[PDB]
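> Supplied in structure tokens, the structure appears directly below.
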Amino acid sequence: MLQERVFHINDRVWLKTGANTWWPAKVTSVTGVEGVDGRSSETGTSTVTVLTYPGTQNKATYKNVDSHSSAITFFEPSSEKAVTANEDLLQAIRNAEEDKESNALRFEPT
């Protein structure tokens, strides 16, 4: 009984940092209780902690939230439309590109 789309570790989505600054977000599928995300936050406190990828100047942070979908969209970056003069945005653009619900699946790891 899943939704229309599928959820993966990579989770290709867009996160808004302000107004003209956005960064890639990936859900590791980590609850903050004991697996309450399989039912509903209404039960206890099902919190899904996600950790993006490290950039060139900014490092990935970890935050626990029900989903934060109201802050992040479901799509991919434009790259060129994001290119301007953001060192951090540059590195973020690369990650978001690599993370496509199939990261570390086709290419061999380190």
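Just remember, in the structure tokens the first chain shown is A, the second B, etc., residues are 1-based per chain, and ligands are 1-based in the order shown.
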Which residues of region 38-105 of chain A come within 6 Å of region 8-21 of chain A, and for each one, what is the closest pair of atoms and their distance in Å to one decimal, counting only C-alpha atoms, sorted by chain and residue number, as a Markdown table?


| residue | atom | partner | partner_atom | distance |
| --- | --- | --- | --- | --- |
| A:72 | CA | A:15 | CA | 4.3 |
| A:73 | CA | A:14 | CA | 5.0 |
| A:74 | CA | A:13 | CA | 4.5 |
| A:75 | CA | A:13 | CA | 5.2 |
| A:99 | CA | A:10 | CA | 5.4 |
| A:100 | CA | A:12 | CA | 5.5 |
| A:101 | CA | A:10 | CA | 5.0 |

> Can you list, as a ChimeraX atom specification, every protein, DNA or RNA residue that comes within 7 Å of residue 91 (chain A) when you count only C-alpha atoms, leaving out same-chain residues fewer than 4 positions away?

/A:55-56,87,95

> Just write the chosen residues, C-alpha atoms, as a PDB file, in the first residue's frame.


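Okay, result28.pdb is ready:
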ATOM      1  CA  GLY A  55      29.575  20.506  -0.532  1.00  0.00           C
ATOM      2  CA  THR A  56      32.743  22.516  -1.110  1.00  0.00           C
ATOM      3  CA  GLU A  87      30.651  27.993  -4.285  1.00  0.00           C
ATOM      4  CA  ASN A  95      25.400  15.821  -5.568  1.00  0.00           C
TER       5      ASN A  95
END

> Looking at only C-alpha atoms, which of A:81, A:5, A:26, A:106 is the one that sits closest to residue 61 (chain A)?

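When distances to residue 61 (chain A) are compared using only C-alpha atoms, the smallest one comes from A:26.
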
> Report the distance between CA of residue 49 (chain A) and CA of residue 6 (chain A) in Å, rounded to one decimal place.

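That distance, rounded to one decimal, is 17.7 Å.
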
> In Å, with one decimal, what is the gap from CA of residue 1 (chain A) to CA of residue 62 (chain A)?

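The value is 28.6 Å.
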
> Just how far from CA of residue 30 (chain A) is CA of residue 104 (chain A), in Å to one decimal?

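It comes out at 18.8 Å.
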
> Counting only C-alpha atoms, figure out which residue out of A:32, A:44, A:77, A:38 gets nearest to residue 63 (chain A).

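Nearest candidate to residue 63 (chain A) out of A:32, A:44, A:77, A:38: A:32.
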
> Taking 4 positions as the minimum chain separation for residues in the same chain, which residues sit within 12 Å of residue 94 (chain A) when counting only C-alpha atoms? Answer as an MDAnalysis selection string.

chainID A and resid 23:24 53:56 76:80 82:83 87:90 98:100

> Those residues with N, CA and C atoms, as a PDB file, in the first residue's frame please?


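Generated output (selection-v7.pdb):
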ATOM      1  N   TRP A  23      19.534  23.694  -1.750  1.00  0.00           N
ATOM      2  CA  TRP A  23      20.479  22.592  -1.611  1.00  0.00           C
ATOM      3  C   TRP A  23      19.767  21.247  -1.700  1.00  0.00           C
ATOM      4  N   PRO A  24      20.487  20.225  -2.184  1.00  0.00           N
ATOM      5  CA  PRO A  24      19.941  18.872  -2.330  1.00  0.00           C
ATOM      6  C   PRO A  24      19.702  18.195  -0.985  1.00  0.00           C
ATOM      7  N   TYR A  53      24.287  15.786   1.358  1.00  0.00           N
ATOM      8  CA  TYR A  53      25.687  15.522   1.051  1.00  0.00           C
ATOM      9  C   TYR A  53      26.535  16.773   1.255  1.00  0.00           C
ATOM     10  N   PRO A  54      27.812  16.569   1.613  1.00  0.00           N
ATOM     11  CA  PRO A  54      28.754  17.668   1.844  1.00  0.00           C
ATOM     12  C   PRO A  54      29.128  18.393   0.556  1.00  0.00           C
ATOM     13  N   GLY A  55      29.225  19.718   0.634  1.00  0.00           N
ATOM     14  CA  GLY A  55      29.575  20.506  -0.532  1.00  0.00           C
ATOM     15  C   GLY A  55      31.051  20.850  -0.578  1.00  0.00           C
ATOM     16  N   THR A  56      31.359  22.067  -1.017  1.00  0.00           N
ATOM     17  CA  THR A  56      32.743  22.516  -1.110  1.00  0.00           C
ATOM     18  C   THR A  56      33.123  23.377   0.089  1.00  0.00           C
ATOM     19  N   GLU A  76      14.385  17.985  -9.658  1.00  0.00           N
ATOM     20  CA  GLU A  76      15.831  18.114  -9.785  1.00  0.00           C
ATOM     21  C   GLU A  76      16.223  19.549 -10.127  1.00  0.00           C
ATOM     22  N   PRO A  77      17.477  19.909  -9.819  1.00  0.00           N
ATOM     23  CA  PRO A  77      18.003  21.252 -10.085  1.00  0.00           C
ATOM     24  C   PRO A  77      18.187  21.518 -11.575  1.00  0.00           C
ATOM     25  N   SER A  78      18.252  22.795 -11.939  1.00  0.00           N
ATOM     26  CA  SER A  78      18.424  23.183 -13.335  1.00  0.00           C
ATOM     27  C   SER A  78      19.903  23.320 -13.682  1.00  0.00           C
ATOM     28  N   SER A  79      20.744  23.369 -12.654  1.00  0.00           N
ATOM     29  CA  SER A  79      22.183  23.504 -12.849  1.00  0.00           C
ATOM     30  C   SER A  79      22.530  24.884 -13.398  1.00  0.00           C
ATOM     31  N   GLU A  80      22.302  25.073 -14.694  1.00  0.00           N
ATOM     32  CA  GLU A  80      22.591  26.347 -15.342  1.00  0.00           C
ATOM     33  C   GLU A  80      21.808  27.481 -14.687  1.00  0.00           C
ATOM     34  N   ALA A  82      20.997  27.563 -11.715  1.00  0.00           N
ATOM     35  CA  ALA A  82      21.502  27.701 -10.355  1.00  0.00           C
ATOM     36  C   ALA A  82      22.921  28.259 -10.349  1.00  0.00           C
ATOM     37  N   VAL A  83      23.577  28.207 -11.504  1.00  0.00           N
ATOM     38  CA  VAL A  83      24.940  28.707 -11.632  1.00  0.00           C
ATOM     39  C   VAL A  83      24.964  30.231 -11.673  1.00  0.00           C
ATOM     40  N   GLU A  87      29.712  29.099  -4.436  1.00  0.00           N
ATOM     41  CA  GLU A  87      30.651  27.993  -4.285  1.00  0.00           C
ATOM     42  C   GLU A  87      29.948  26.753  -3.742  1.00  0.00           C
ATOM     43  N   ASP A  88      29.148  26.943  -2.699  1.00  0.00           N
ATOM     44  CA  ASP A  88      28.417  25.840  -2.085  1.00  0.00           C
ATOM     45  C   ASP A  88      27.391  25.262  -3.053  1.00  0.00           C
ATOM     46  N   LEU A  89      26.680  26.143  -3.750  1.00  0.00           N
ATOM     47  CA  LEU A  89      25.666  25.720  -4.710  1.00  0.00           C
ATOM     48  C   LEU A  89      26.280  24.856  -5.807  1.00  0.00           C
ATOM     49  N   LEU A  90      27.517  25.170  -6.177  1.00  0.00           N
ATOM     50  CA  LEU A  90      28.219  24.422  -7.213  1.00  0.00           C
ATOM     51  C   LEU A  90      28.357  22.953  -6.825  1.00  0.00           C
ATOM     52  N   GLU A  98      24.037  13.327  -8.908  1.00  0.00           N
ATOM     53  CA  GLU A  98      24.446  11.953  -8.644  1.00  0.00           C
ATOM     54  C   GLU A  98      23.341  11.186  -7.923  1.00  0.00           C
ATOM     55  N   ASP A  99      22.608  11.884  -7.063  1.00  0.00           N
ATOM     56  CA  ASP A  99      21.521  11.269  -6.310  1.00  0.00           C
ATOM     57  C   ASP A  99      20.236  11.245  -7.133  1.00  0.00           C
ATOM     58  N   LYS A 100      19.947  10.097  -7.733  1.00  0.00           N
ATOM     59  CA  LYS A 100      18.748   9.940  -8.549  1.00  0.00           C
ATOM     60  C   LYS A 100      18.067   8.604  -8.266  1.00  0.00           C
TER      61      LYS A 100
END

> Can you list every residue in chain A that DSSP puts in helix (DSSP H, G or I), as a ChimeraX atom specification?

/A:36-38,87-98

> Grab the residues selected above and save them as a PDB file, in the first residue's frame with N, CA, C and O atoms.


ATOM      1  N   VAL A  36       8.320   4.352  14.124  1.00  0.00           N
ATOM      2  CA  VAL A  36       6.968   4.894  14.193  1.00  0.00           C
ATOM      3  C   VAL A  36       6.569   5.545  12.874  1.00  0.00           C
ATOM      4  O   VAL A  36       5.444   6.021  12.721  1.00  0.00           O
ATOM      5  N   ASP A  37       7.498   5.564  11.925  1.00  0.00           N
ATOM      6  CA  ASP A  37       7.242   6.156  10.617  1.00  0.00           C
ATOM      7  C   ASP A  37       6.479   5.185   9.721  1.00  0.00           C
ATOM      8  O   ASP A  37       6.109   5.523   8.597  1.00  0.00           O
ATOM      9  N   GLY A  38       6.248   3.977  10.226  1.00  0.00           N
ATOM     10  CA  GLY A  38       5.531   2.977   9.458  1.00  0.00           C
ATOM     11  C   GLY A  38       4.034   3.028   9.692  1.00  0.00           C
ATOM     12  O   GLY A  38       3.275   2.284   9.071  1.00  0.00           O
ATOM     13  N   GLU A  87      29.712  29.099  -4.436  1.00  0.00           N
ATOM     14  CA  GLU A  87      30.651  27.993  -4.285  1.00  0.00           C
ATOM     15  C   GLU A  87      29.948  26.753  -3.742  1.00  0.00           C
ATOM     16  O   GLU A  87      30.129  25.649  -4.256  1.00  0.00           O
ATOM     17  N   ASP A  88      29.148  26.943  -2.699  1.00  0.00           N
ATOM     18  CA  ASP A  88      28.417  25.840  -2.085  1.00  0.00           C
ATOM     19  C   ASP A  88      27.391  25.262  -3.053  1.00  0.00           C
ATOM     20  O   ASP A  88      27.245  24.044  -3.166  1.00  0.00           O
ATOM     21  N   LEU A  89      26.680  26.143  -3.750  1.00  0.00           N
ATOM     22  CA  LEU A  89      25.666  25.720  -4.710  1.00  0.00           C
ATOM     23  C   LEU A  89      26.280  24.856  -5.807  1.00  0.00           C
ATOM     24  O   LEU A  89      25.647  23.926  -6.306  1.00  0.00           O
ATOM     25  N   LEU A  90      27.517  25.170  -6.177  1.00  0.00           N
ATOM     26  CA  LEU A  90      28.219  24.422  -7.213  1.00  0.00           C
ATOM     27  C   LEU A  90      28.357  22.953  -6.825  1.00  0.00           C
ATOM     28  O   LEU A  90      28.013  22.061  -7.601  1.00  0.00           O
ATOM     29  N   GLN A  91      28.860  22.710  -5.620  1.00  0.00           N
ATOM     30  CA  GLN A  91      29.042  21.349  -5.128  1.00  0.00           C
ATOM     31  C   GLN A  91      27.698  20.652  -4.944  1.00  0.00           C
ATOM     32  O   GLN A  91      27.560  19.463  -5.230  1.00  0.00           O
ATOM     33  N   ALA A  92      26.709  21.401  -4.466  1.00  0.00           N
ATOM     34  CA  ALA A  92      25.376  20.855  -4.246  1.00  0.00           C
ATOM     35  C   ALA A  92      24.757  20.374  -5.554  1.00  0.00           C
ATOM     36  O   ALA A  92      24.084  19.344  -5.591  1.00  0.00           O
ATOM     37  N   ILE A  93      24.987  21.127  -6.624  1.00  0.00           N
ATOM     38  CA  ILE A  93      24.452  20.776  -7.934  1.00  0.00           C
ATOM     39  C   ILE A  93      24.959  19.412  -8.388  1.00  0.00           C
ATOM     40  O   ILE A  93      24.226  18.639  -9.003  1.00  0.00           O
ATOM     41  N   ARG A  94      26.219  19.123  -8.079  1.00  0.00           N
ATOM     42  CA  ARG A  94      26.824  17.851  -8.453  1.00  0.00           C
ATOM     43  C   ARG A  94      26.167  16.694  -7.707  1.00  0.00           C
ATOM     44  O   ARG A  94      25.808  15.681  -8.306  1.00  0.00           O
ATOM     45  N   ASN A  95      26.014  16.853  -6.397  1.00  0.00           N
ATOM     46  CA  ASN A  95      25.400  15.821  -5.568  1.00  0.00           C
ATOM     47  C   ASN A  95      23.989  15.501  -6.054  1.00  0.00           C
ATOM     48  O   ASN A  95      23.685  14.361  -6.401  1.00  0.00           O
ATOM     49  N   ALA A  96      23.132  16.517  -6.074  1.00  0.00           N
ATOM     50  CA  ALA A  96      21.754  16.345  -6.519  1.00  0.00           C
ATOM     51  C   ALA A  96      21.693  15.567  -7.829  1.00  0.00           C
ATOM     52  O   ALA A  96      20.761  14.800  -8.063  1.00  0.00           O
ATOM     53  N   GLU A  97      22.694  15.772  -8.681  1.00  0.00           N
ATOM     54  CA  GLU A  97      22.752  15.091  -9.968  1.00  0.00           C
ATOM     55  C   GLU A  97      23.081  13.612  -9.787  1.00  0.00           C
ATOM     56  O   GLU A  97      22.481  12.750 -10.429  1.00  0.00           O
ATOM     57  N   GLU A  98      24.037  13.327  -8.908  1.00  0.00           N
ATOM     58  CA  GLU A  98      24.446  11.953  -8.644  1.00  0.00           C
ATOM     59  C   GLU A  98      23.341  11.186  -7.923  1.00  0.00           C
ATOM     60  O   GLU A  98      23.158   9.988  -8.143  1.00  0.00           O
TER      61      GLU A  98
END

> When DSSP works through the backbone of this structure, what residues of chain A end up as strand (DSSP E or B), shown as a CSV table (one decimal) with C-alpha atoms, in the first residue's frame?


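Okay, out-v1.csv is ready:
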chain,number,residue,atom,x,y,z
A,13,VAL,CA,14.3,16.4,-3.9
A,14,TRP,CA,15.0,20.2,-3.7
A,15,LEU,CA,15.5,22.1,-0.4
A,16,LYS,CA,15.0,25.9,-0.1
A,22,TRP,CA,18.7,25.8,-2.5
A,23,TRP,CA,20.5,22.6,-1.6
A,24,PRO,CA,19.9,18.9,-2.3
A,25,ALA,CA,18.3,16.8,0.3
A,27,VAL,CA,16.4,10.9,3.2
A,28,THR,CA,18.3,8.1,4.9
A,29,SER,CA,15.1,6.6,6.2
A,30,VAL,CA,16.0,6.9,9.8
A,31,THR,CA,13.3,7.2,12.5
A,48,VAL,CA,12.5,10.9,9.9
A,49,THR,CA,16.1,12.2,10.1
A,50,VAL,CA,17.7,13.1,6.8
A,51,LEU,CA,21.3,14.0,6.0
A,62,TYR,CA,21.2,16.2,10.3
A,63,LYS,CA,17.7,17.1,11.3
A,64,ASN,CA,14.7,15.0,12.4
A,65,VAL,CA,11.3,15.9,11.0
A,72,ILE,CA,11.3,20.8,0.1
A,73,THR,CA,10.0,20.1,-3.4
